[PDB]
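These protein sequence lines map, in sequence, to chains A and B.
Here my numbering is used: position 299 in the first sequence is 296, and no number is missing along the way.
Here my numbering is used: position 567 in the second sequence is 564, and no number is missing along the way.
Below: one structure, written as C-alpha cells.
There are 2 protein chains.
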Amino acid sequence: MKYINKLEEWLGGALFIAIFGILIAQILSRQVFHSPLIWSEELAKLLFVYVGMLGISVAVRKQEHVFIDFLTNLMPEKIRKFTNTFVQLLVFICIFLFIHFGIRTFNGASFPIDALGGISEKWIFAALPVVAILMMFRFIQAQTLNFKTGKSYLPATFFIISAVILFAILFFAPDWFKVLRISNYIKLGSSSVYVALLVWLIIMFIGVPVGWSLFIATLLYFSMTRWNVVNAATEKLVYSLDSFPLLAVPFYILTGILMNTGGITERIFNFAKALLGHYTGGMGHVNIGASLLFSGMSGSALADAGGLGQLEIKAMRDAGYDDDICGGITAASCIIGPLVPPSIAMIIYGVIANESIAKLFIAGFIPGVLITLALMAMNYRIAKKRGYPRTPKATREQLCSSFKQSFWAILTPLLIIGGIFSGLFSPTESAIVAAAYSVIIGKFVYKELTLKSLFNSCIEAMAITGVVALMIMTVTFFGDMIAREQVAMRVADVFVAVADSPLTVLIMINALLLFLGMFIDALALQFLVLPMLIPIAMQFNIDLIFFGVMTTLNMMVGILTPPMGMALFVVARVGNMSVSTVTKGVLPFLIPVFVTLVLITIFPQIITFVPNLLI
Amino acid sequence: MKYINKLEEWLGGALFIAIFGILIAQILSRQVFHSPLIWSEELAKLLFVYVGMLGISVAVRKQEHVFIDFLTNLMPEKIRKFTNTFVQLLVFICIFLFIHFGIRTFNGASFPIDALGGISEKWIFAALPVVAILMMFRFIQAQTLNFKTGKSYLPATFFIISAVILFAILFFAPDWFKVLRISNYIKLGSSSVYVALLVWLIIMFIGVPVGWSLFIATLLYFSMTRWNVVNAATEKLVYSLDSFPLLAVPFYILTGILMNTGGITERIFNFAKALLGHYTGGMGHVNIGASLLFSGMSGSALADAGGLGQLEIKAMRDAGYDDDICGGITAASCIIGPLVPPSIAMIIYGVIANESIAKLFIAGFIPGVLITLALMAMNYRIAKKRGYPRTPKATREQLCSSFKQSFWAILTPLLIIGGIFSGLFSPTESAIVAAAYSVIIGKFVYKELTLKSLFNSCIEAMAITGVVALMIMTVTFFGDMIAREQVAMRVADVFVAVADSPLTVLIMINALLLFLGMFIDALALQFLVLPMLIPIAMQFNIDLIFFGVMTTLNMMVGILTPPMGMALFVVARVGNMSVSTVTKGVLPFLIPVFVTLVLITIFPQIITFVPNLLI
Ligand code: NA
Ligand code: NA
Ligand code: NA
Ligand code: NA
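Rendered as C-alpha cells:
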C-alpha cells in the first residue's frame, strides 16, 4: 500500500506544529497582553491524544516497543521461533481487543467539552478506534517480513483470515464469546490477582513487550472474576493521554534533539575546555563540566554520552589519560542529565504518582550537584595518584572569545531553570519556551536549521513519544486492578515486624532495585516496578517526592552496572575500546554514586528542604 | 451514516480559512515588507482544487445542480416519473466514469510542482477520485429519498448492486467494456459531432443538469469515433480548477454575504434616503442610488433584489407610488450589480475565453453608469407625468449623521474600484482585501460578526461555488470536442454572404440571445451558449472584450423578460403583489435597457476606449 506509506509521519508532524503554535500563542497572549485564553489547553490536549495514537501506530509498524531481552538472548534459534510466534499471536489479540474497546467507548461518550464551545467528548474518544485499525493493518504488514525472514511460523494470510472471522463473529454473534470467560470453569477467588501477576511475569520474560503484557494481565484478571466490569475501567485508556503534564515530554525531546547538533556542542565544549582545562585532573573536569552544562537542556543520559564522547575522549586520551579511565569518566558523567531537571524519568514518575512535576524537579536538583562535586573529587584523586601532567594555562583572550561564541547556546539552561524555579512558568510552558528559543537560535544566530530539518526532528520526537505513550496508557489501566484488589495492604500485612522502621523498608527497596537494574534496562524497569511500589510506599507513610527522587537515582545507577548497562556499550562503541576496559574504568567511580545514594536515603531532609522553601 | 454527516462542510470550511490566511499573508508581505513569496499561489490553488471538489459533492448530495426546467413544468406526473428515473441513471453513469478517469489520471501524473519544493503533481491530481467516491455515496444516499416519495422507479439497492458489479468488471476484466464502442457497429464519420450535439440538446431539455449533459455529449462523441483519445483530454478536468483567476469567485461571494447583513443595509439605505429623497421622482432615485451603491460590493442581482426590496418598497408605497411602478423600479434596478464590477458573469466569461478579468471589469463600468442615468431619467418622467408629490427637504444635520453612520460601510466599493482600476491589486487580491476589510468592520466597528457566523458564511459560499465548479470543468472538457472538430469554421462557411458585415452578425446573435433569455435562466444560458459562440466570434474577427460585455448585458436583460424572469418572481414575493402587476410595471422601464444595448452594439468605441486608456 504505497500511497499510505507516510501518513502517520506527515499527519503527526502537522499536528505537532499546530500544537506548538497554539501553546506559543497562549503563552505570548497571557504574559504580554494580559489576555488569558480558555481554549488553548483543551485544544492542545485534544490534538496531543491523536499525536500519541499516531506515534504508537508508527512504533507498532517498525517493531520498536520496549521489551525485556535478558532470557531471550540465551535461547537457541529453534526455541526462539516458537516464542516469537507466540508473541505475535498475543499482540494480534491485544490490538483486536483495542479496536473493540475503542468502538464501545466512543459509542458510550456523552458529556460535552466545556471551555471549548460545548463540543461533545466524542471528538476526544474517536482517536482510539480510528488509529487502532491502522495499527492492525501495520501489524499485518510487518507479519509478511517476519515470516519471510524465517523468524515466525505464521504468514500474513493466516492473520487476515482470523481477523475477518473474528470481526464477523463480533458484528453478527457477539454472544458466542461468552465461552472465553474463565469464571465459567473454575472459581479461583482471591487468588485471581496472584495468578494474573504470575502469568504476567512469564509472558513478559519470554519476550512480550511490557506495554502489551500489562494489558494482557488486566484482561485475564477481569475474565477470571467478572467480565462486564471492564467497561467501567476502559475509559482510562483514553483519559490518560488527555493530560497536560504529560504534554511536556515531546517538547523536551525536541529541544534535546535540536540542541544536539554538531555546531552547538563544539562551542560548548570549546568553552568548557578553555575554562577548566589547566587544573590537576584537567580534561576530566572539562568532561564533567560539559556534561553538567548539557544536562540543563537534555532530558536523557545516553543522548549526552553519544553526542560528546567522540570529542571528549580525544582530548582526554591526548592529554595522557589511559583508555580505561577515560572510558570510565565518559560513562559515569552521563547520569547527570536524568537527574538535573528537566528529566523524562521524573515526568513519568509524577504522571504515575499524580505528583507535581515542579516539586520533583526542585527536589532532584541538589543530588545532581552533589554527584558532580563527588565525581570531580574522585577524578582529582585519581589524576594526582597516577602522576599525569598539567595542561598549559589558557590566556584571557581565548576565554573571552570562547565565551562570546558560546553565549547564546549556554544561555538556555539558565532560561529553563529560572523559568521553573521562580514559578514564572509551569513545566509545559517552560518546555515550549525552550523549544521556541532553540528554534530561533538555530535558524537565525547559527543558520544550522531549515524547515525540512525541523519537520524531520518533529517526526523523530513523535516517534520517540509513541513508545512511552503505550506504556502510560497500559500502566494506568493496570493500576485499576492493583488498587481494586488492595495488593499493597496484603503485602504490608505479610511484611510484619518491619513497620515503625521505615529505614529497613527503604534499604530493602533499594537492594531490590539495585539487584534488578543489573539485568533490566532502566526504561522498562521503571514501568515494571513503580505500579507495585508506589502503593506500598504510601502504605508505610513515606513521602512521595523523596521516594520519587530516590527511585530515579537508583534506576539511573542501573546503566552503569554489569552485565547489562547501556552506558557501557555506548561508551565502548564511541571510544572504540573493549567493554571490559570500560567496566574496569567505571568500577572506581561507582563509590561516589553509592555514597550519595546512602546519604540521601538516610537524610531525607537534604532532598525535602529546598522544595518547601521554594514552594 | 451519521458520523460523516458534516464532513464536506467542516473540511471545506477549514480549507477555506487556510486559503484566506495564506493569501492575506502573501499580500501583506509583498506590499508592506517588500518580501515576495513564491509558494503562496501554488498552495492556494492546490487547496482550492479540493475545496471545489467538496462543494461539488455537497451540491450532488442536496440535488442543487442547475438544469433547464421549462419543458419539465408542462409534463404530467406519470410522464415525469420516467424522465426522472432516466436522469438518475445518467448521473450514476457520469459519476462512475468520473471515478474511473480520476484513478487513471492520478496514476498518470508524473511532473513535479516547481516553486513548491519539487513536490509531485499527484497531490493535485488525487483530489478527483477521493472526492468522487464520496459523491457516489451521496448519490446512493439521495436515491433512498427519491424512491421513498414516489418520484423514481429505482431503489438504492439496485444502484448498490450495479455499482458492485461494475467495479468488479472494471477491476477484473476491463476488456469487456470494448463492446460499448459505438464505432464497432456504425461509422458515422463527420456527422458524429452533429449527432452528439443533437442528443446533448435532447437530454438537456428533459431535465438533465447542464454539467452532466456536457460530459455525456463529449463521451458519446469520443465513443462514436475513437475511444482511446479520451485519456489525453481527461487532464483538463483537473487542470481547469487549478486556476488563479477562478479563485476570486468564492471570496467575492463571501464579501457579498457578509455585507448583506441587516444592519449595514439599513445604514446605506438611510444615507441614500437622506441624500436623494427630496426630488421629483424621489424614492425612485433613492432606490436606484442604493442599488448602485450595493453593486460595488455585490456580484449578483438577485441578492440585491431580495436583500433590500422589503425596505425600499415600503418607502415608495408610502410616498404615494402605485404598486406596479414600485415593483417595476425594484425589479429593474437589480441588474446594475452584475454589470458594475465586481461581477461573477464577467469572471466566468473571462475564464472561458481566457481573457483578462481586469480589462473586462474596466470595460463593463461605463454601461453600468449609462443604465443608471437612463433609469433615473425615465423614473423622473413617469413621476412627473403621474403627478406624485415631493417629500420635504432634509436638513443638514440628518445628512451629516447619516453619513457619519454609513461611512465605513460605504467606503468598501471605493476600496475595490480603486484597487482594481489603479493596477495596485489583481482581481483576486482585491477580492481578498475586500473580504478582510468586511470581516474587520463586522467584527469590530459594527459588532455583528462571530466566529460561528463566519464559519457558516464560508460554508454557504463554498456550497454556492460548488455548483459553478462542475459546469466550469465540464465546459472546459466540452471545448476540446468543439475545437477539435472545427465546428465554428463549418458554421461560418455555411453562413456566407454575411461576412464583411459584422453588424449583421451582431444583430443575429443579439436576437438569438434575447429570444432564448425568455425561457432559460441566465446562469444556465451562459454555459449553454458561450462555448459555441466564442469560437464563432473569433472567426469573424470580433473583439472579445466588447463581445463579453455585450453578451453579459444581453443575458442580464433576460431576468426581466417573461415568461421566466427570476427578478419578477423575487420582486412579487418580497413586495407581496401579483406577478402580472410587476410585469406591467417593468414594461415601461425596458426601453432604456434596449436603447443602451443598441447604442453599445453600434458603437464599440464606447466600450473599448477606457480599457485601452487604463491598460
Ligand atoms: Na536533564
Ligand atoms: Na544495568
Ligand atoms: Na457587481
Ligand atoms: Na428571462
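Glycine included, each C-beta is placed from N, C-alpha and C at the ideal position.
| query | Taking the alpha carbon of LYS3 (chain B) as the point to measure from, which residue in B:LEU51, B:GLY545, B:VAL46, B:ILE265 has its own alpha carbon closest? | reply | Along the second sequence, read from residue 1 onward, the residue named residue 3 (chain B) stands at position 6. Selected option, being the one with the closest Cα: B:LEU51.
| Between which two residues does the alpha helix (DSSP H) containing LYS449 (chain A) stretch? | On the first sequence, position 452 is the one that residue 449 (chain A) refers to. Run containing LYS449 (chain A): 448 to 482, per the alpha helix (DSSP H) assignment.
| When burial is assigned at 16 or more other CB atoms within 10 Å of the CB, is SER295 (chain B) buried or exposed? | Position 298 of the second sequence holds residue 295 (chain B). By the 10 Å Cβ count, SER295 (chain B) comes out buried.
| task | Determine the closest residue to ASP319 (chain B) out of B:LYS356, B:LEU43, B:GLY384, B:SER353, with distance taken between C-alpha atoms. | result | Within the second sequence, residue 319 (chain B) is the residue found at index 322, counting from 1. The residue with the shortest Cα to Cα distance from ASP319 (chain B) is B:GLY384.
| Host alpha helix (DSSP H) of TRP173 (chain B) (start-end) | What you label residue 173 (chain B) is simply residue 176 of the second sequence in a count that begins at 1. Neither: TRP173 (chain B) is in no alpha helix (DSSP H) and is coded neither H nor E.
| message | Below 7 Å, is the gap between the Cβ of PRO338 (chain B) and the nearest heavy atom of ligand 3? | response | Residue 338 (chain B) sits at position 341 when you count from the first residue of the second sequence. True, at least one ligand heavy atom lies under 7 Å from that Cβ.
| Within 8 Å, strictly: CB atoms of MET280 (chain B) and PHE586 (chain B) | In the second sequence, the residue the question calls residue 280 (chain B) occupies position 283. In the second sequence, the residue the question calls residue 586 (chain B) occupies position 589. Going by C-beta atoms, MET280 (chain B) is not nearer than 8 Å to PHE586 (chain B).
| query | Whose C-beta lies closer than 7 Å to the C-beta of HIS282 (chain B) among residues of the same chain, with five residues either side of it excluded? | reply | Start at 1 with the first residue of the second sequence, and residue 282 (chain B) comes out as number 285. Cβ within range, chain order: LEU273, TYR276, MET373, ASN376.
| request: Could you check if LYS270 (chain B) is buried or exposed, using at least 16 other CB atoms within 10 Å of its CB as the buried criterion? | output: Taking the first residue of the second sequence as 1, we reach residue 270 (chain B) at position 273. Flag for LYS270 (chain B) reads buried.
| Three-pair Cβ contact test at 8 Å for the segment 528 to 539 of chain B versus the segment 476 to 486 of chain B | yes
| said: Let me check one thing: in DSSP terms, what residues is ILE110 (chain A) bridge-paired to? | reply: As a first step, residue 110 (chain A) is located in the first sequence; it is residue number 113 there, counting from the start. In DSSP, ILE110 (chain A) forms a bridge with A:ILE116.
| task | Evaluate contact between the segment 539 to 548 of chain B and the segment 494 to 513 of chain B, counting only Cβ atoms and requiring at least three cross-stretch pairs below 8 Å. | result | yes
| message | Can you tell me whether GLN483 (chain A) is buried or exposed? The criterion is at least 16 other CB atoms within 10 Å of its CB, across all chains shown. | response | Mapped onto the first sequence, residue 483 (chain A) falls at position 486. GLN483 (chain A) comes out exposed.
| task | Confirm, please, whether the CB-CB distance from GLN140 (chain B) to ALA129 (chain B) is below 8 Å. | result | Translated into positions along the second sequence, residue 129 (chain B) becomes position 132. Translated into positions along the second sequence, residue 140 (chain B) becomes position 143. Going by C-beta atoms, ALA129 (chain B) is not nearer than 8 Å to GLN140 (chain B).
| request: Compare the beta carbon distance of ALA380 (chain B) and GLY303 (chain B) with 8 Å and say whether it is the shorter of the two. | output: Along the second sequence, read from residue 1 onward, the residue named residue 380 (chain B) stands at position 383. Along the second sequence, read from residue 1 onward, the residue named residue 303 (chain B) stands at position 306. In this structure, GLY303 (chain B) does not lie closer than 8 Å to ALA380 (chain B) by Cβ.
| request: With a floor of 4 residues, list each alpha helix (DSSP H) that falls wholly inside the segment 215 to 273 of chain A, ordered by position along the chain. | output: 227 to 230, 233 to 236, 245 to 256, 259 to 273
| said: When you compare the segment 490 to 500 of chain A with the segment 360 to 372 of chain A, are there three or more beta-carbon pairs, one atom per stretch, that lie closer than 8 Å? | reply: no
| message | Quick check on residue 646 (chain A): does DSSP put it in helix, strand or coil? | response | This structure leaves residue 646 (chain A) out entirely; chain A is present only between -2 and 612.
| field | Assigned secondary structure, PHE404 (chain B) (DSSP; H/G/I helix, E/B strand, else coil) | value | Start at 1 with the first residue of the second sequence, and residue 404 (chain B) comes out as number 407. Residue state, collapsed to three classes: helix.
| said: Quick check on this structure: which residue in A:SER187, A:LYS145, A:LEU565 has the alpha carbon closest to the alpha carbon of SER330 (chain A)? | reply: What you label residue 330 (chain A) is simply residue 333 of the first sequence in a count that begins at 1. Measuring from the Cα of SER330 (chain A), the nearest candidate turns out to be A:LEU565.
| message | Quick check on DSSP: helix, strand or coil for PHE64 (chain A)? | response | In the first sequence, the residue the question calls residue 64 (chain A) occupies position 67. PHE64 (chain A): strand per DSSP, three-state reduction.
| By Cβ distance below 8 Å, which residues in the same chain neighbour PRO109 (chain B) in space, the five residues on each side in sequence not counted? | Taking the first residue of the second sequence as position 1, residue 109 (chain B) is located at position 112. Once the five neighbours on either side are set aside, the close Cβ partners of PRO109 (chain B) are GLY115, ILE116, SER117, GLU118.
| message | Check whether the segment 566 to 581 of chain A and the segment 5 to 14 of chain B are in contact - that is, three or more C-beta pairs closer than 8 Å. | response | no
| query | From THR471 (chain A) to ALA165 (chain A), what distance separates their C-alpha atoms? | reply | For this step, residue 471 (chain A) is matched to residue 474 along the first sequence. For this step, residue 165 (chain A) is matched to residue 168 along the first sequence. Those two C-alpha atoms are separated by around 27 Å.
| message | Quick check on the burial criterion: 16 or more other C-beta atoms within 10 angstroms. Buried or exposed for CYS397 (chain A)? | response | Counting from 1 along the first sequence, the entry for residue 397 (chain A) is found at position 400. Classification of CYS397 (chain A): exposed, given that the 10 Å Cβ count is below 16.
| Endpoints, the alpha helix (DSSP H) within which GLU445 (chain A) is located | Stepping through the first sequence from its first residue, residue 445 (chain A) is reached at position 448. Taken as a continuous stretch (DSSP letters only), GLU445 (chain A) belongs to no alpha helix (DSSP H), as it is neither H nor E.
| query | Should the segment 13 to 25 of chain A be called in touch with the segment 40 to 48 of chain A, which here means at least 3 C-beta pairs below 8 Å? | reply | yes
| field | Contact belief for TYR434 (chain B) with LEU412 (chain B) at Cβ below 8 Å, rounded distance in angstroms | value | On the second sequence, position 437 is the one that residue 434 (chain B) refers to. On the second sequence, position 415 is the one that residue 412 (chain B) refers to. Between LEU412 (chain B) and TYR434 (chain B) the Cβ distance is about 6 Å, and since that is below 8 Å, they are a contact.
| When the distance is taken between beta carbons, is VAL436 (chain A) closer than 8 Å to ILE24 (chain A)? | Taking the first sequence and counting its residues from 1, one reaches residue 24 (chain A) at position 27. Taking the first sequence and counting its residues from 1, one reaches residue 436 (chain A) at position 439. No, the pair does not count as a contact, with Cβ atoms beyond the cut-off.
| message | So, with DSSP's three-state summary, where would you put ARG393 (chain A)? | response | Residue numbering aside, residue 393 (chain A) sits at position 396 when the first sequence is read from its first letter. Helix.
| request: Leaving aside the five residues before and after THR593 (chain B) along the sequence, list all residues of the same chain whose C-beta is less than 8 Å from its C-beta, in chain order. | output: What you label residue 593 (chain B) is simply residue 596 of the second sequence in a count that begins at 1. Closer than 8 Å at Cβ, skipping near neighbours: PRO364, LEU367, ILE368, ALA371, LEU550.
| Three-way DSSP call (helix, strand, coil) for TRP36 (chain A) in this model | Here residue 36 (chain A) is taken as the residue at index 39 of the first sequence, counted from 1. Reduced to three states, the DSSP call for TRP36 (chain A) is coil.
| said: Quick check on DSSP: helix, strand or coil for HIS282 (chain A)? | reply: Position 285 of the first sequence holds residue 282 (chain A). Of the three classes helix, strand and coil, the one that applies to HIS282 (chain A) here is helix, per DSSP.
| task | Tell me, to the nearest whole angstrom, how far the beta carbon of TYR346 (chain A) is from that of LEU357 (chain A); I am working on the premise that it is less than 8 Å. | result | Taking the first sequence and counting its residues from 1, the one referred to as residue 346 (chain A) is at position 349. Taking the first sequence and counting its residues from 1, the one referred to as residue 357 (chain A) is at position 360. 7 Å between Cβ atoms; contact.
| Would the C-beta of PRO247 (chain A) count as close to ligand 6, meaning under 7 Å from any of its heavy atoms? | Among the ligands modelled here, namely ligand 1, ligand 2, ligand 3 and ligand 4, ligand 6 does not occur.
| said: So the candidates are A:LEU290, A:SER237, A:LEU244, A:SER54; which of them puts its Cα closest to the Cα of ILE261 (chain A)? | reply: Translated into positions along the first sequence, residue 261 (chain A) becomes position 264. Nearest C-alpha to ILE261 (chain A): A:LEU290.
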